[PDB]
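Secondary and tertiary structure notes
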Amino acid sequence: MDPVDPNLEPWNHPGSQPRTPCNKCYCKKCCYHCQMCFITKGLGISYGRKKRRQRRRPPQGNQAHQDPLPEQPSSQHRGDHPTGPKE
């Protein structure tokens, strides 16, 4: 997960708000994040038991709110952690 950039990746969320995205800690409320904190379903680098780093590239709205990529509210790359599938 960490060697891309990242713009909007298959799974790479650093933090949340205010529109940051990273902060000095993972997840971290201000500001929006509703309920789902970080349940580790996809063990690339940032989700990781003996891995885990953190990289920050756009402003951003979607990379402060989102877990997955498409506008499809369910689970397993669909609506992974907010009220928010795309944002």
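**What about the packing of aromatic side chains?**
Summed over all chains, the structure comprises four aromatic pairs. When the ring of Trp 11 is compared with that of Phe 38, the centres are 5.9 Å apart and the planes differ by 75 degrees; the resulting orientation is edge-to-face. Taken together, the residues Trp 11 in the segment before helix 1 (62-65) and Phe 38 in the segment before helix 1 connect sequence positions 27 residues apart. An angle of 90 degrees between the planes, with centres 6.0 Å apart, marks the rings of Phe 38 and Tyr 47 as edge-to-face. Its relative accessible area of 2% is what places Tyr 47 among the buried residues. Through a chain of ring-to-ring contacts, the aromatic side chains of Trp 11, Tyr 26, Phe 38 and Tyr 47 assemble into a single cluster.

**Considering the pattern of salt bridges**
Following the criterion strictly, the structure yields five salt bridges and no others. For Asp 5, the salt bridge is made with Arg 57, and the minimal N-O distance between the two is 2.7 Å. Residue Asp 5 is located in the segment before helix 1, and its partner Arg 57 is located in the segment before helix 1; the two are separated by 52 residues in the primary sequence. On the basis of relative accessibility, which here comes to 22%, the residue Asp 5 falls in the partly exposed class. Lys 41 is paired through a salt bridge with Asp 67; the nearest N and O atoms lie 2.7 Å apart. Placement of the pair is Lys 41 in the segment before helix 1 and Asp 67 in the segment after helix 1, with a sequence separation of 26 residues. Connected through shared salt-bridge partners, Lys 41, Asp 67 and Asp 80 make up one network.

**Let's talk about the side chain of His 33**
Structurally, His 33 is set in the segment before helix 1. The exposure class assigned to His 33 is buried, which follows from its relative accessible area of 13%. At 3.4 Å, the side chain of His 33 forms a polar contact with the side chain of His 81. Beyond its immediate chain neighbours, meaning those up to four positions away, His 33 contacts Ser 16, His 65, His 81 and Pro 82.

**Structural notes on unusual backbone geometry**
Residues apart from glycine generally show negative phi values, whereas peptide bonds are mostly found in trans. The omega torsion across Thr 20 and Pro 21 is -15 degrees, close enough to zero to call that bond cis. Note on placement: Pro 21 falls in the segment before helix 1. Cis peptide bonds are those with omega within 30 degrees of zero, and the linkage from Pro 59 to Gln 60 qualifies with 0 degrees. Mapped onto the elements, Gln 60 comes out in the segment before helix 1.

The rules behind the values
Numbers on residues come from counting from 1 along each chain's written sequence, not from the entry itself, and any residue without coordinates is not displayed. Excluding hydrogens and water, the side-chain values take into account all heavy atoms of the structure. Each pair of aromatic rings taken from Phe, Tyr and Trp, with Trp reduced to its six-membered ring, is defined by centres within 6.5 Å and is described as stacked if the planes are under 30 degrees apart, edge-to-face if over 60, and tilted in the remaining cases. A run of DSSP states H or I qualifies as a helix once it reaches four residues; a run of E qualifies as a strand once it reaches two. Both are numbered from the N-terminal end. The cut-offs for exposure are 20% and 50% of the maximum accessible area for each residue type, with area from a 1.4 Å probe on protein chains only; residues under the lower value are buried, those over the upper are exposed, and the others partly exposed. Salt bridges are defined as contacts in which a side-chain nitrogen from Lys or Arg sits within 4 Å of a carboxyl oxygen from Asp or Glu. Whenever two N or O atoms come within 3.5 Å, that pair is a polar contact, provided that in protein one can donate a hydrogen and the other can accept it, and provided that, for residues adjacent in sequence, both atoms are side-chain atoms. Note on contacts: a residue pair is in contact if any heavy atoms of the two residues lie within 4.5 Å.

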